[PDB]
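Take a look at the following structure, please.
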Amino acid sequence: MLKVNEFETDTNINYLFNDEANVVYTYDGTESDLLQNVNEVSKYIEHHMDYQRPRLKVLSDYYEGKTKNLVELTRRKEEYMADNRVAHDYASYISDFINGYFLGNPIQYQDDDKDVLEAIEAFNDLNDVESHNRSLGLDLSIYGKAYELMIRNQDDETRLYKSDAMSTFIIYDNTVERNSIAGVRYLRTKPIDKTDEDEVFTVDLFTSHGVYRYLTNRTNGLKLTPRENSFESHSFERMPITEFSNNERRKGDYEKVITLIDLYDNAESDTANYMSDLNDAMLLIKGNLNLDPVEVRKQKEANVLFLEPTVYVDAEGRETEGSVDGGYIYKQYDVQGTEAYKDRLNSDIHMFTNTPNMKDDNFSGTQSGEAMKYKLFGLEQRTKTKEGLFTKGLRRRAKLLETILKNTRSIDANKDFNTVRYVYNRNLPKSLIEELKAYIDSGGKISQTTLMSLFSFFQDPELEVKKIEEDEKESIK
Amino acid sequence: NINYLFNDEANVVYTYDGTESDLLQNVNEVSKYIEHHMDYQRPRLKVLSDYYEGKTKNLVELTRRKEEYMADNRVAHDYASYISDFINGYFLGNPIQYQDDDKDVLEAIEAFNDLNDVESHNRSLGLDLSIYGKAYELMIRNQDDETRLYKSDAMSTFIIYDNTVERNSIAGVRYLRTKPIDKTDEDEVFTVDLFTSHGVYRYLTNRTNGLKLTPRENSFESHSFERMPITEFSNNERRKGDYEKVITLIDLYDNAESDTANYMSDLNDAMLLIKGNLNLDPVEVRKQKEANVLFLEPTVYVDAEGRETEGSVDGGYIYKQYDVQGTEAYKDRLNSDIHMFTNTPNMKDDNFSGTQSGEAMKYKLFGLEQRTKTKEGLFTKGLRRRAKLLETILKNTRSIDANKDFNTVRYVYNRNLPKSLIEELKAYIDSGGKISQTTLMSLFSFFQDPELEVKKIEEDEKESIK
Amino acid sequence: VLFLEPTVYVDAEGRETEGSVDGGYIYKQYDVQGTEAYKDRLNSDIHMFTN
Amino acid sequence: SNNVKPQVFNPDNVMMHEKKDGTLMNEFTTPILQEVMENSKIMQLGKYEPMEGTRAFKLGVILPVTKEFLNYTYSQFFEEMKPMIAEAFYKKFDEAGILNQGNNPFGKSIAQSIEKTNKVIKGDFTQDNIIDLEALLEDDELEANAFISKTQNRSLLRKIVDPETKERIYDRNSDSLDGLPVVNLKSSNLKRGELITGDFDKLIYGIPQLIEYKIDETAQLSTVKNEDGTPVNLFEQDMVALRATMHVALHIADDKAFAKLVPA
Amino acid sequence: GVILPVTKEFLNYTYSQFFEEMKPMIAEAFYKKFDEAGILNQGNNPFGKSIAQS
């Protein structure tokens, strides 16, 4: 049927490495020049839908394990065999490992001014910033970039929320300084009941002085119409959304090995087909013979197999025998070559992502800290850059927080937040016995109650002190 | 690849015989340099960048692939990124420290570094050095009256040097293809900024008219430095990248792996071969997966004179196979050579001694340290110019006494080796070191409240008096 | 399943005989032992003569 | 398809990897820009008018390409062709608005304004004829803003000198006549000896829809017949096509503001 | 089922929301078609079943 009317009768590479994915949106005008000409934002939203959103969707599908091999049913077979399509979830293994290593251990804060330090700590506790940072670390690893949105809530509180990378983007000043001009969020509204055509994309445009709200749809060409009560002022003095990058190129951590994940999926599903579809072994019987299909059922329990060859009688009276034969045959495959190939794929996936190759690894002595810290040396080099870009983003978060605190006069205008020092610790495994011995040797001191709190054999770490006083008292007599 | 990476016109150093005035009056010569950059140097850089992004030749050279019914199975391995990230982290993963005898200069430097987040900036320059082999930084006095430092992309920046043996930098240029995200133009219009020792000149051009520089509105803009603001950093004397010399091996490995992936996709793993004159019912063949006995009854041929003879039946499994020995030895050689020529540890052929990470690392990275020490020399040579620019702008703004001199600063480099705080505390407190209780506590993460603990100790130490 | 049914040839005097069918995989190979020993010798000598 | 002779198309607009003579453009080197781009002259001279909705008319074109051509011969074809289409649109619009040529849909044009007001000078290019041409505008209180000319007549303009100041009235470097800028039209319809001038602020235009591009691998091109006469099916014939469309509107606010000089 | 064709000029300069405004009118026309088929055996009832027929 002509595919042009298959509408009428009811019936990877190209996304990840498109040159229009990973572009940075830049705009030549001022904020005012854009806001008076909102149509430009429609051009950017359309480019984001048609080019960037597909890449991000693919990288998400791989984190969720919906690899190409599961959905590409187009060329599969199922007339009587099983499908045996497979997905290996390397993407999740990789990302969870690399993020936990970076941000599994909370970022600490130091400052010379306790007033600022406590204002920071208060905001962090209110927003549960530890978990938030972990989820930015996760988007940094999956997508290569992550966004956070800060808003003064109706209950009059400064709240911080992660904004989805597949529906948020930012437009920058054209100059080498690249200030952000404006930031866009756009959600597909949907009901649960209809399978609706129109996404009726609600679009919120953030600017340095307020939020503008609009409605759009794709099919009218994303013509922005202001929503009722479109504008809403915010008390910051710069565009509230902040963007973080995984590296200079905003590349994800497994974006570059997806082709190897696909090859491993294909190889394993090929072996699973070979296993499913061929008979393991069979008893081959040759020659002109009478086999009763009722007698063949004894094959599992007979001890002697007797093959009597047909005797051919010649017209001149000669006699000759047919050639009977019998023996087992069994299927076989190139285990050496296929296992060496699959081992190479696995090894390369781990090598290019600096992730420890568990299949070819062994541990010695007892210090898990050092063997990790040596094996993760390749991973540390990348993480240190990621740490630089992360701090660069946290400084903007602090710049926003100080601005809102000052405009609410909850802190003195004299304060400066750029003095804060962000201290990072890796999530390497640690050894409290070795650390106590190293801290108490070399002149450390610990209070009895704290020392007791470190050891879990004390069932009542405080009651024990009273119980010790009783002994220490009767020892005086 | 080859024709772009090893072209004699790529990677050359631009020189000009005349003075800055001789150039500025004859701006057209800048047009010639721009054209030469576009036609020769840019392609090289673009190829190096594409390899850093993993868009290796094998992915884009679809020109000779097949896809009529088989899969494409093209592949890219990202060795370029693994290498560059490792080497760069080793060189600048640990911040450069600064020492000087005069605290006025030291704090002016530290103030500028902190304002500009120089730690991250330096790391980004080290990365550009690793991939492209050269890097550029631009320094400008901002509108808010602050000295700012920004990296300038290698694919759009270059410097024209004085012809004398000293090779002073005469002029720097930056040019960008300005575009909206809707239309397109055959006039590939480039905005061009020309930086001299006394100001920035702005122009407009396009390739199609032949790069005729036309001054932009408000073309000139003065700057208060006294030398051209752009600085160039080099990976080595030749300015060659780190994986630039092994790109051909990365290609060979891509090809070998995509070849094996084709062999895997396109040939059947195994089949039951049945020979001889026979009747096979295609409905019965489907029981092949679940039958136990295979019975082959040969055709009997009857001769006209009454003789009888049997056809030759046969049956057995056949399975595909390939030269695993030779292909794995070849691919292992390619992998080994890629790591050997880049001094990167060959993780596949690696063994570890005892527990002390640092000394074993300093053994295995001995070869990498030799190259890094040269890079360190060239990098300091660049930072000294950054300091010269900074002192000049500070003096012209009288933010510091004209009496000061910045060339005394000593730049101290540390490698990013793994370190062992427990071994170092033991080595520092043995041999007479001292530590304040609060600091010592701050080093160990089992203290949930590093300061409250001091109060709690005072309480215990007080009640111990009674 | 790969099924090969051989051609049956008929003689003018009525005799019948079968053609020889056959099937199997073939794979390329090279002297891995000798080439790797040779390239290993070249590498070793390049390092030895340059200490 | 399995066709070993290439497919003949009618009209022959489809791009193909294989020529009719069997030559195959493998490893084909990318063409180069032998000429500069020709910007729209009425978009340069005339006054832009903010316009919402549509009078407007729609320009459009479709470029079909054989996917063999798009894979082996020239992969980036559609990215490099987009501006050449935009040039084609600018030329069609300029030729319609200025010369009333190319089946212009508007009932308005400069050529029609001049033909209505009969503001035409018969004569060769001379300083006196240039002054008379300008005076045809200043008679009605309107002052000339620019000149429109066939570039091939600079050979005539260099021969005119002011006999008072005794210098060239035409600055061949500035490409300005009597101090007014001269724009060049490449179209073949404006003849060698013809020159046009006016107060182009009286010519108003609008663009309700900027040039929009859509690439499709599925449609049917009713307008392009296979050799057998069946319409081209892109999907079944393994073909790709680019659609471009634009909306332009033209208005002339005062049709006496334009004058033309023409050979006697 | 039903199909509504629209000229894109119409969908840009006349009725930006037209398809959004038709979806409830389509749901109404579908529900009515179903009711009149099943209850009254009207409108080319595809089912060999209906109240009026029983």
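Here, each number is a calculation from the coordinates, and none is a lab measurement. Note that we place each Cβ from the backbone using ideal geometry, even for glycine, and neighbour counts take in every protein chain shown.
Can you tell me which residue in the range B:95-112 is surrounded by the fewest Cβ atoms within 10 Å (Cβ to Cβ), limited to those that are assigned to a helix (DSSP H, G or I) and within 13 Å of chain A (Cβ to nearest Cβ)?
The residue in question is B:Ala111.
Looking at this structure, is B:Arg227 more than 11 Å from every other protein chain (Cβ to nearest Cβ), touching a strand residue (DSSP E or B) at 6+ places or on another chain (Cβ under 6 Å) and either surrounded by 15 or more Cβ atoms within 10 Å (Cβ to Cβ) or not in a strand (DSSP E or B) (or both)?
No, not satisfied.
Any residue at all in the range D:93-102 that's aromatic (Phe, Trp, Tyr), farther than 30 Å from D:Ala56 by Cα and buried (at least 20 other Cβ atoms within 10 Å of the Cβ)?
So far as the range D:93-102 goes, no, none of its residues is aromatic (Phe, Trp, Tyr), farther than 30 Å from D:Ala56 by Cα and buried (at least 20 other Cβ atoms within 10 Å of the Cβ).
Output the residues belonging to the range A:393-424 that are exposed (fewer than 13 other Cβ atoms within 10 Å of the Cβ) and within 13 Å of another protein chain (Cβ to nearest Cβ).
Listed by number, the residues that qualify are A:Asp416, A:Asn418, A:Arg421, A:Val423.
Something else: Condition first: within 7 Å of chain A (Cβ to nearest Cβ), assigned to a helix (DSSP H, G or I) and out of contact with any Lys or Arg (no Cβ under 8 Å at 6 or more places or on another chain). Now tell me which residues in the range B:427-466 satisfy that.
B:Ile429, B:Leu440, B:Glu453, B:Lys456, B:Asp460
Report those strands (runs of 3 or more DSSP E) wholly inside the range B:240-320 carrying at least 3 residues which are crowded, with 19+ Cβ neighbours inside 10 Å.
B:270-275
Scan the range D:41-48 and tell me whether some residue there is in contact with a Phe, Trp or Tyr (Cβ under 9 Å, 6 or more places away or on another chain) and within 11 Å of another protein chain (Cβ to nearest Cβ).
no
With the condition kept exactly as written, say whether any residue in the range B:185-206 is assigned to a helix (DSSP H, G or I), surrounded by 15 or more Cβ atoms within 10 Å (Cβ to Cβ), touching a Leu at 6+ places or on another chain (Cβ under 9 Å) and of a type in the set (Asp, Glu).
Among the residues of the range B:185-206, not one is assigned to a helix (DSSP H, G or I), surrounded by 15 or more Cβ atoms within 10 Å (Cβ to Cβ), touching a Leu at 6+ places or on another chain (Cβ under 9 Å) and of a type in the set (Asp, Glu), which makes the answer no.
Here is a further query. What do you reckon, is A:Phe169 in contact with a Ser or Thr (Cβ under 6 Å, 6 or more places away or on another chain) and buried (at least 17 other Cβ atoms within 10 Å of the Cβ)?
Against the criterion (in contact with a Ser or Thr (Cβ under 6 Å, 6 or more places away or on another chain) and buried (at least 17 other Cβ atoms within 10 Å of the Cβ)), A:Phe169 does not qualify.
Output the qualifying pairs, or none if there are none: Cβ atoms under 8 angstrom, residues six or more apart or on different chains, first residue in the range B:47-62 and facing another protein chain (nearest Cβ under 8 Å), second residue surrounded by fewer than 18 Cβ atoms within 10 Å (Cβ to Cβ).
Qualifying pairs under 8 Å: B:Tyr52/A:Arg249; B:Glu53/A:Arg249; B:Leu59/A:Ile13; B:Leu62/B:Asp72; B:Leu62/D:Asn71; B:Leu62/D:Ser75.
A further question on this structure: Just checking, how many residues over the range D:49-70 are surrounded by fewer than 13 Cβ atoms within 10 Å (Cβ to Cβ), under 30 Å from D:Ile196 (Cα atoms) and within 10 Å of another protein chain (Cβ to nearest Cβ)?
Number satisfying all stated conditions: 0.
Out of D:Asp171, D:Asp132, D:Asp162, D:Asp175, report the one residue that is within 30 Å of B:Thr214 (Cα to Cα), among the acidic types (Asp, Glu) and touching a strand residue (DSSP E or B) at 6+ places or on another chain (Cβ under 7 Å).
D:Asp175 is the lone residue from the list that is within 30 Å of B:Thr214 (Cα to Cα), among the acidic types (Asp, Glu) and touching a strand residue (DSSP E or B) at 6+ places or on another chain (Cβ under 7 Å).
May I ask you to verify whether A:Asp343 is more than 7 Å from every other protein chain (Cβ to nearest Cβ), in contact with a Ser or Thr (Cβ under 8 Å, 6 or more places away or on another chain) and surrounded by 13 or more Cβ atoms within 10 Å (Cβ to Cβ)?
It is false that A:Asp343 is more than 7 Å from every other protein chain (Cβ to nearest Cβ), in contact with a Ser or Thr (Cβ under 8 Å, 6 or more places away or on another chain) and surrounded by 13 or more Cβ atoms within 10 Å (Cβ to Cβ).
Return the residue satisfying two criteria in turn: it lies in the range B:147-160 and is surrounded by 17 or more Cβ atoms within 10 Å (Cβ to Cβ) and not hydrophobic (A, V, I, L, M, F, W, C), and of such residues it is farthest from B:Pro43 (Cα to Cα).
Across the range B:147-160, the extreme among qualifying residues is B:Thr147.
Do any residues in the range C:16-33 that are within 7 Å of another protein chain (Cβ to nearest Cβ) have Cβ atoms under 7 Å from those of residues that are part of a helix (DSSP H, G or I), where the two are at least six apart or on different chains, and which pairs are they?
Hits for this filter: C:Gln29/B:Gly326; C:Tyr30/B:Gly326; C:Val32/B:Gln325; C:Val32/B:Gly326; C:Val32/B:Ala329.
Additional query: So, in the range B:391-444, exactly how many residues are out of contact with any helix residue (DSSP H, G or I) (no Cβ under 8 Å at 6 or more places or on another chain) and among the polar types (S, T, N, Q)?
The qualifying residues number 9.
For the range A:272-313, which residues satisfy the criterion of being facing chain B (nearest Cβ under 7 Å) and closer than 30 Å to A:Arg76 by Cβ?
Correct list: A:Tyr274, A:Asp277, A:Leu278, A:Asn279, A:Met282.
Which residues, counting only those in the range C:4-34, are touching a helix residue (DSSP H, G or I) at 6+ places or on another chain (Cβ under 8 Å) and closer than 29 Å to B:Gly316 by Cα?
C:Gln29, C:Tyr30, listed by residue number.
With (1) within 30 Å of B:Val75 (Cα to Cα); (2) facing chain A (nearest Cβ under 9 Å) as the list, and B:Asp266 as the residue in question, which single condition is left unmet?
(2)
Does E:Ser16 fit the bill of being in contact with a strand residue (DSSP E or B) (Cβ under 9 Å, 6 or more places away or on another chain) and part of a loop (DSSP other than H, G, I, E, B)?
yes
Oh, and also: Would you check which residues across the range B:35-49 are charged (D, E, K, R) and out of contact with any helix residue (DSSP H, G or I) (no Cβ under 8 Å at 6 or more places or on another chain) and list them?
Those that are charged (D, E, K, R) and out of contact with any helix residue (DSSP H, G or I) (no Cβ under 8 Å at 6 or more places or on another chain): B:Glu35, B:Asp39.
Just to be sure I understand the filter: pairs with C-beta atoms under 8 Å, separated by 6 or more residues or on different chains, first member in the range A:359-379 and more than 9 Å from every other protein chain (Cβ to nearest Cβ), second member assigned to a helix (DSSP H, G or I) and of a type in the set (D, E, K, R). Which pairs pass?
Pairs that qualify, where the first residue is more than 9 Å from every other protein chain (Cβ to nearest Cβ) and the partner is assigned to a helix (DSSP H, G or I) and of a type in the set (D, E, K, R), are A:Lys359/A:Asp343; A:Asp361/A:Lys375.
While we're looking at this one, here's another question. Taking the condition of being loosely packed, with under 15 Cβ neighbours inside 10 Å and at positive phi, how many residues in the range D:140-188 meet it?
Selection size over the range D:140-188: 3.
Among the candidates C:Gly23, C:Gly14, which residue alone is under 20 Å from the mean Cα position of the chain (by Cα), of a type outside the set (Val, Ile, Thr), closer than 30 Å to B:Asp281 by Cα and not in a helix (DSSP H, G or I)?
C:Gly23
Specify the residue that is nearest to B:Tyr150 (Cα to Cα); the eligible residues are those in the range B:81-94 that are among the hydrophobic types (A, V, I, L, M, F, W, C) and at the interface with another protein chain (Cβ under 10 Å from one of its Cβ atoms).
The residue in question is B:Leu92.
Further, regarding this structure: Within the range A:321-337, can you find the residues that are within 30 Å of A:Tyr274 (Cβ to Cβ) and either in a loop (DSSP other than H, G, I, E, B) or facing chain B (nearest Cβ under 8 Å) (or both)?
A:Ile329, A:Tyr330, A:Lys331, A:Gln332, A:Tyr333, A:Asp334, A:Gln336, A:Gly337
Another question, then. Could you tell me which residue of the range D:158-210 is farthest from B:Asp182 (Cα to Cα), considering only residues that are within 14 Å of chain B (Cβ to nearest Cβ) and not in a loop (DSSP other than H, G, I, E, B)?
In this case the residue turns out to be D:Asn184.
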